[PDB]
Amino acid sequence: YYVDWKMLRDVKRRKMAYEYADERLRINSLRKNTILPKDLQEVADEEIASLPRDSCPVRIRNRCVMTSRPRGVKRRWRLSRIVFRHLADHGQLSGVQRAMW
Amino acid sequence: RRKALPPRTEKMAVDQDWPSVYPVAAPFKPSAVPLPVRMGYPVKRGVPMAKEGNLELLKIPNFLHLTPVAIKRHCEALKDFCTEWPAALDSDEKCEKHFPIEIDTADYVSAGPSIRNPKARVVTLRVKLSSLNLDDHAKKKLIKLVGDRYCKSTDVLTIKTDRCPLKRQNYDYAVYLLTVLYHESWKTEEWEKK
Amino acid sequence: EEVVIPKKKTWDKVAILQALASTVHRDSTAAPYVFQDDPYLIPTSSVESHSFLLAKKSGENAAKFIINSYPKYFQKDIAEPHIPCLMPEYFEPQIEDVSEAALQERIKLXXXXXXXXXXXXXXXXXXXXXXXXXXXXXXXXXXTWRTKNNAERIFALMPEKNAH
Amino acid sequence: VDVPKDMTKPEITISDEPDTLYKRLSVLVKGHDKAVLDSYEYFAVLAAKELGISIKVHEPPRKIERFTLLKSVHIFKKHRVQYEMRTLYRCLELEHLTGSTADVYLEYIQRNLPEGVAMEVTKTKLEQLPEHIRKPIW
Amino acid sequence: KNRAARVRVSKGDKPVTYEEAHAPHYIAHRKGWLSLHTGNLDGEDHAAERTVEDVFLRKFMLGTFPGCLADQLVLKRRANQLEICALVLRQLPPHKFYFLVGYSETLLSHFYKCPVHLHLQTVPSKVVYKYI
Amino acid sequence: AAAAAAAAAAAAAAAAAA
Amino acid sequence: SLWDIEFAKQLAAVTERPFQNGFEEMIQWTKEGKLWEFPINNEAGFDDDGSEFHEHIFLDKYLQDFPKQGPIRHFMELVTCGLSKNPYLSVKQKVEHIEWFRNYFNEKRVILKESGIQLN
Amino acid sequence: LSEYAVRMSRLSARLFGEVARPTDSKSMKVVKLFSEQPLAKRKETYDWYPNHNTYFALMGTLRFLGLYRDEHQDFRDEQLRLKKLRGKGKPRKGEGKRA
Ligand SMILES: [Mg+2]
Ligand SMILES: [Mg+2]
């Protein structure tokens, strides 16, 4: 079990987005190019908008990995701010400490 | 049935060679260390906590396997593997007069399951231009050809090679690049007269 | 001419580790390295040494059992150099109905080997000189009437070269 | 009293090849707490003096990374908690080394790297000239 | 009032470990880090991985040795191997302790695909820093 | 405008580059 | 030969003691492959199919079949140049990209001819 | 700017293996696209989560094999037992609403 249904959704999304990365890239090559004619690019356009909607990366969310919180995340530990503090304050995060200066 | 055995510190001879006890990196068992050591913050009347059951000493990386006697011994065992450094090379001048080409290579060690570090690929090639056989024309043409990779004050040419998966591949590509720069600096062409 | 180069010394991987083990002799006041070093878990007698070490091995075994019982949990790999030694093990036959695979497969694994050779002899599949040379090495390594029966099938069906 | 007899069996071979020369070898140790880096420095220097490796040691400026999070679960934005991570450095700069010596010294040093520290090894190696460049011209 | 990772003052009878008696603002000042690994240093990678690994280890160990864990775990990571070091109450017979040592070390070695060492330090009763 | 001929193949085979 | 294997096992059984030291633990572990090799080289374990830098940098060979003067040369020389700078991919994979383009352009001849440039 | 300079530059690109022929600002993106690792392919992305199924499943089994001891699951259990005893349980599927 992932902690939340939402997290589940996200796992799927990352899987699909991993699978179609090659197709998406190859097509958006054509799409993003001035050199090729527009007639290729409109077909290529429908091509990439044909692809399953959950395969596109912008639909991914970086979520807290233990607690599933959608924001207030620190990218480095993939941790919610709350869970991060909870680990660091027991000193289970090496080299992390309160800051005085 | 409750068993309590006295610590090794009892049976410990005073002059017993220490590296015998901690040959390798070790957690610091308090039972196997003779020295009384109190660490921890004290309490108002009290002292620093004892070495037994002390969690704070357990956190400390201990240099106990590395006590200087153990190093002397270790190194003396390693003297057999090492090979000598050539006499005449003692000064940098002769280094350059003999070996013109410096290849810089990075290697990274970090703790964890995987060895793989992205940064390891990069190979840097530094070469003085004064150590090259270049013509006047060829030298000017090379300088213009490479551009920013050439330092005009120190005359040290720099080739940073990245693009390939392996450091050996990148080494080959930097050397190749150098070769080609030298070969194509000496070729005069039509438009060079323009 | 003034330029002088020495040669390179190629040593085995573990070599430096062994040359370091050479300046360390064995410790007197120390219990055996295998056991835990604390006074409570240090073996007092010979019987305790035995029961302790045997216990540790029974634990190790329990673990390996769990792994090989549910391999999918241990599939996901992290380690970069990829140790093959920490992978779960596969004791199932890789093909079911095909004889020439299932025979050798279930032989490498003793009774399932014979179930396999029986399912190959039931389909009129010819068992060659290597087949029951392996099933024979399995009758020697695993296993008085069944020895006579298996020997009879070894000679009668296939005319096996003696050397096996 | 009890001494094992004939305890040593090292295995070393000499290939005919021209072992690689290292003009300079830099070793950068990052760690969290200073003291460990000092002990490590002591050990490293000692280990090099015994192999006759002739090294210098200097200390690169410390980097402190700070950042902020909210102090409360829900809503008081006015209150925060700030965390640090301090990275401290030592630099071991070795000069005029050989290939084998480098591999040994580095093996020994790297094995004994304490757990809270990291290490970066910059080897500048000496090569004379490539073949096709020597003195041909195309 | 800050509450984080604090053990509040009771009527004055409460036994408190050296660890528990020090609020987060004392980390790196008086008490040290319960883990050590390269990941949180300036130029380094995979901090996240090691954090999750850590969390799972504390949970796992706490469940594998029920009731006998004295203080929170110590996790040292060195050049691809993890040495776990624990303070353990004497509860079990050494049979059960060695069984669990071996079982654990093998299990976790196959889980995390790296050599795992386990070091047990045994203690009569929870070491007491304060009150009591 | 101008398209100049650079020989990939010649310098390739010569410098071990192909 | 199963008997030779059981012989090597019976020999290795008398040969194998429970470890007498840490250095032994590390030695057996290293030979086993569990421990790391020292001094560390991060490229250990991965040679990348024994390829050499010219099977990486120069992709001209796979552009042999493609219209030589067209805008397709422009586009494909860009794709090519991109793959030339790409560390994370193998040779095989780059070539698979190239071929996907071969196949996709050769899939649509129609749109290319109609486009105002005759394209091969 | 001269013709000499442009010939030189063309030679520089061709040599170092960068883009040979003159391109738009807009088209260079293509090169960028193949120079890099596409976002959904990075280990920071598809590998982001730990597999929670493996952790939950494995530690569940190890609980049933009596190696691991889960006090949380135990708490959940005992609470639930006491709840079915008091008479409020979980309705068998399909039964609750209409009945
Ligand atoms: Mg919920
Ligand atoms: Mg978003």
# chains A, B, ... in the order shown; residues from 1 in each chain; ligands from 1
call {"tool": "residues_near_ligand", "arguments": {"ligand": "ligand 2", "cutoff": "9 Å", "atoms": "only C-alpha atoms and all ligand atoms", "output": "list in words"}}
result
residues 57, 58, 59, 60, 61 and 62 of chain A
call {"tool": "interface_residues", "arguments": {"of": "chain G", "to": "chain F", "cutoff": "8 Å", "atoms": "only C-alpha atoms", "output": "PyMOL selection string"}}
result
chain G and resi 53-55+58
call {"tool": "residues_around", "arguments": {"residues": "residue 105 in chain D", "least_positions_apart": "4", "cutoff": "8 Å", "atoms": "only C-alpha atoms", "output": "MDAnalysis selection string"}}
result
chainID D and resid 47:48 101 109
call {"tool": "write_last_selection", "arguments": {"atoms": "N, CA, C and O atoms", "output": "compact mmCIF listing (two decimals), in the first residue's frame"}}
result
# COMPACT_ATOMS: atom_id res chain seq x y z
N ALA D 47 50.87 8.21 7.38
CA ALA D 47 50.93 7.10 6.44
C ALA D 47 51.78 7.45 5.22
O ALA D 47 52.42 6.59 4.62
N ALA D 48 51.79 8.72 4.85
CA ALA D 48 52.57 9.14 3.70
C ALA D 48 54.05 9.30 4.06
O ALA D 48 54.92 9.02 3.24
N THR D 101 52.63 3.27 -6.20
CA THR D 101 52.61 3.95 -4.91
C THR D 101 51.28 4.63 -4.67
O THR D 101 50.72 4.60 -3.57
N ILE D 109 44.48 4.55 2.43
CA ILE D 109 43.72 5.73 2.83
C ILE D 109 42.21 5.51 2.69
O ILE D 109 41.46 5.72 3.64
call {"tool": "select_by_dssp", "arguments": {"residues": "range 36-94 of chain G", "states": "helix (DSSP H, G or I)", "output": "JSON, numbers by chain"}}
result
{"G": [54, 55, 56, 57, 60, 61, 62, 63, 71, 72, 73, 74, 75, 76, 77, 78, 79, 80, 81, 82, 83, 84, 91, 92, 93, 94]}
call {"tool": "residues_near_ligand", "arguments": {"ligand": "ligand 1", "cutoff": "10 Å", "atoms": "only C-alpha atoms and all ligand atoms", "output": "NGL selection string"}}
result
:A and (2-6 or 67-68)
call {"tool": "residues_around", "arguments": {"residues": "residue 73 in chain A", "least_positions_apart": "6", "cutoff": "10 Å", "atoms": "only C-alpha atoms", "output": "ChimeraX atom specification"}}
result
/A:62-65,79-84 /D:69
call {"tool": "write_last_selection", "arguments": {"atoms": "C-alpha atoms", "output": "PDB file, in the first residue's frame"}}
result
ATOM      1  CA  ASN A  62       6.659  15.347  -6.247  1.00  0.00           C
ATOM      2  CA  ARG A  63       4.965  14.158  -3.083  1.00  0.00           C
ATOM      3  CA  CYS A  64       6.246  13.506   0.382  1.00  0.00           C
ATOM      4  CA  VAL A  65       7.435   9.942   0.191  1.00  0.00           C
ATOM      5  CA  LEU A  79      10.312  14.583   2.546  1.00  0.00           C
ATOM      6  CA  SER A  80       7.433  16.685   3.822  1.00  0.00           C
ATOM      7  CA  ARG A  81       8.527  19.633   5.878  1.00  0.00           C
ATOM      8  CA  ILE A  82       6.830  18.067   8.871  1.00  0.00           C
ATOM      9  CA  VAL A  83       8.362  14.643   8.560  1.00  0.00           C
ATOM     10  CA  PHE A  84      11.723  16.200   7.773  1.00  0.00           C
TER      11      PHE A  84
ATOM     12  CA  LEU D  69      10.889  25.521   7.284  1.00  0.00           C
TER      13      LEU D  69
END
call {"tool": "residues_around", "arguments": {"residues": "residue 16 in chain H", "least_positions_apart": "4", "cutoff": "9 Å", "atoms": "only C-alpha atoms", "output": "CSV table (one decimal) with C-alpha atoms, in the first residue's frame"}}
result
chain,number,residue,atom,x,y,z
B,146,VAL,CA,40.5,26.6,-30.4
B,177,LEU,CA,41.1,16.1,-30.4
H,11,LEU,CA,36.0,24.5,-39.0
H,12,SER,CA,35.9,24.8,-35.2
call {"tool": "closest_residue", "arguments": {"among": "C:4, C:101, C:66, C:34", "to": "residue 67 in chain H", "atoms": "only C-alpha atoms"}}
result
C:66
call {"tool": "interface_residues", "arguments": {"of": "chain D", "to": "chain A", "cutoff": "12 Å", "atoms": "only C-alpha atoms", "output": "PyMOL selection string"}}
result
chain D and resi 30-34+64-74+80-88+115-117
call {"tool": "select_by_dssp", "arguments": {"residues": "chain A", "states": "strand (DSSP E or B)", "output": "PyMOL selection string"}}
result
chain A and resi 73-74+79-80+97-98
call {"tool": "residues_around", "arguments": {"residues": "range 73-88 of chain G", "least_positions_apart": "5", "cutoff": "9 Å", "atoms": "only C-alpha atoms", "output": "MDAnalysis selection string"}}
result
(chainID A and resid 29:30 33 35:36) or (chainID B and resid 121 162:166) or (chainID G and resid 56:60 63 66:68 94 97:98 101) or (chainID H and resid 17:21 23 27:28 30:37)
call {"tool": "residues_around", "arguments": {"residues": "residue 88 in chain E", "least_positions_apart": "6", "cutoff": "10 Å", "atoms": "only C-alpha atoms", "output": "MDAnalysis selection string"}}
result
(chainID B and resid 53) or (chainID E and resid 65 67:73 97 119:126)
call {"tool": "write_last_selection", "arguments": {"atoms": "N, CA and C atoms", "output": "short mmCIF file (atom, residue, chain, number, x, y, z; two decimals), in the first residue's frame"}}
result
data_model
loop_
_atom_site.label_atom_id
_atom_site.label_comp_id
_atom_site.auth_asym_id
_atom_site.auth_seq_id
_atom_site.Cartn_x
_atom_site.Cartn_y
_atom_site.Cartn_z
N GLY B 53 27.66 1.28 28.47
CA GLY B 53 26.31 1.65 28.10
C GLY B 53 26.17 3.05 27.53
N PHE E 65 13.50 -7.17 17.57
CA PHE E 65 13.97 -7.39 18.93
C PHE E 65 13.00 -6.75 19.91
N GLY E 67 10.97 -5.32 22.83
CA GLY E 67 11.16 -5.07 24.24
C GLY E 67 12.60 -4.97 24.71
N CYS E 68 13.55 -5.45 23.91
CA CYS E 68 14.94 -5.49 24.35
C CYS E 68 15.81 -4.32 23.86
N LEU E 69 15.23 -3.43 23.06
CA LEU E 69 15.98 -2.29 22.56
C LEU E 69 16.09 -1.18 23.61
N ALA E 70 17.31 -0.84 24.00
CA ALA E 70 17.54 0.13 25.08
C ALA E 70 17.37 1.59 24.61
N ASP E 71 18.24 2.02 23.70
CA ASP E 71 18.21 3.38 23.13
C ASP E 71 18.08 3.30 21.61
N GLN E 72 17.80 4.44 20.98
CA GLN E 72 17.68 4.48 19.53
C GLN E 72 18.96 3.99 18.85
N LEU E 73 18.79 3.45 17.65
CA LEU E 73 19.86 2.81 16.88
C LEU E 73 20.99 3.75 16.46
N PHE E 97 19.36 -14.21 20.81
CA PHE E 97 20.18 -13.10 20.33
C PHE E 97 21.02 -13.42 19.11
N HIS E 119 26.05 -5.02 15.49
CA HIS E 119 26.85 -5.06 16.70
C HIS E 119 25.98 -4.78 17.91
N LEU E 120 25.87 -5.80 18.75
CA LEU E 120 25.06 -5.73 19.94
C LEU E 120 25.92 -5.40 21.14
N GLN E 121 25.51 -4.37 21.88
CA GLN E 121 26.09 -4.09 23.18
C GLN E 121 25.03 -4.32 24.24
N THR E 122 25.38 -5.11 25.25
CA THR E 122 24.37 -5.55 26.18
C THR E 122 24.45 -4.82 27.51
N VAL E 123 23.28 -4.53 28.05
CA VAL E 123 23.13 -3.66 29.18
C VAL E 123 22.09 -4.24 30.15
N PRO E 124 22.37 -4.17 31.47
CA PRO E 124 21.46 -4.71 32.50
C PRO E 124 20.09 -4.04 32.51
N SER E 125 20.08 -2.71 32.47
CA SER E 125 18.85 -1.91 32.48
C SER E 125 19.12 -0.57 31.81
N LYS E 126 18.07 0.11 31.37
CA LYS E 126 18.23 1.35 30.61
C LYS E 126 19.14 2.29 31.37
#
call {"tool": "closest_residue", "arguments": {"among": "B:54, B:161, B:62, B:9", "to": "chain C", "atoms": "only C-alpha atoms"}}
result
B:9
call {"tool": "interface_residues", "arguments": {"of": "chain H", "to": "chain C", "cutoff": "9 Å", "atoms": "only C-alpha atoms", "output": "PyMOL selection string"}}
result
chain H and resi 54-55+57-58+62
call {"tool": "write_last_selection", "arguments": {"atoms": "N, CA, C and O atoms", "output": "CSV table (one decimal), in the first residue's frame"}}
result
chain,number,residue,atom,x,y,z
H,54,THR,N,6.1,-3.5,-1.5
H,54,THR,CA,7.1,-4.4,-1.1
H,54,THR,C,7.4,-4.3,0.4
H,54,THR,O,7.5,-5.3,1.1
H,55,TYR,N,7.4,-3.1,0.9
H,55,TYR,CA,7.7,-2.9,2.4
H,55,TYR,C,6.5,-3.5,3.2
H,55,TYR,O,6.6,-4.3,4.1
H,57,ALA,N,3.9,-5.5,2.3
H,57,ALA,CA,3.8,-7.0,2.1
H,57,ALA,C,4.8,-7.8,2.8
H,57,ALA,O,4.5,-8.6,3.6
H,58,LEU,N,6.1,-7.4,2.6
H,58,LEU,CA,7.2,-8.2,3.3
H,58,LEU,C,7.1,-8.1,4.8
H,58,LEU,O,7.2,-9.2,5.4
H,62,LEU,N,6.5,-11.3,7.3
H,62,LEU,CA,7.4,-11.5,8.4
H,62,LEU,C,6.7,-11.4,9.8
H,62,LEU,O,7.3,-11.9,10.7
call {"tool": "interface_residues", "arguments": {"of": "chain A", "to": "chain G", "cutoff": "12 Å", "atoms": "only C-alpha atoms", "output": "VMD selection string"}}
result
chain A and resid 22 to 23 25 to 44 47
call {"tool": "write_last_selection", "arguments": {"atoms": "C-alpha atoms", "output": "mmCIF file, in the first residue's frame"}}
result
data_model
loop_
_atom_site.group_PDB
_atom_site.id
_atom_site.type_symbol
_atom_site.label_atom_id
_atom_site.label_comp_id
_atom_site.auth_asym_id
_atom_site.auth_seq_id
_atom_site.Cartn_x
_atom_site.Cartn_y
_atom_site.Cartn_z
ATOM 1 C CA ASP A 22 11.127 7.856 -25.955
ATOM 2 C CA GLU A 23 8.077 8.326 -28.171
ATOM 3 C CA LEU A 25 10.885 12.893 -27.105
ATOM 4 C CA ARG A 26 11.206 11.629 -30.676
ATOM 5 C CA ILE A 27 7.991 13.397 -31.687
ATOM 6 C CA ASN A 28 8.571 16.642 -29.844
ATOM 7 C CA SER A 29 11.820 16.733 -31.791
ATOM 8 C CA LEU A 30 9.813 17.274 -34.954
ATOM 9 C CA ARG A 31 7.381 19.581 -33.196
ATOM 10 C CA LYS A 32 10.040 21.983 -31.801
ATOM 11 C CA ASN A 33 11.952 22.375 -35.034
ATOM 12 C CA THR A 34 11.806 25.313 -37.497
ATOM 13 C CA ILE A 35 13.709 23.427 -40.228
ATOM 14 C CA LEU A 36 11.006 20.869 -41.102
ATOM 15 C CA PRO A 37 7.827 21.915 -43.015
ATOM 16 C CA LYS A 38 4.620 22.777 -41.157
ATOM 17 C CA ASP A 39 2.724 19.898 -42.780
ATOM 18 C CA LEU A 40 4.869 17.351 -40.950
ATOM 19 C CA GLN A 41 4.518 19.315 -37.745
ATOM 20 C CA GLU A 42 0.705 19.336 -37.703
ATOM 21 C CA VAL A 43 0.589 15.566 -38.121
ATOM 22 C CA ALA A 44 3.299 15.195 -35.468
ATOM 23 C CA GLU A 47 0.639 12.396 -32.941
#
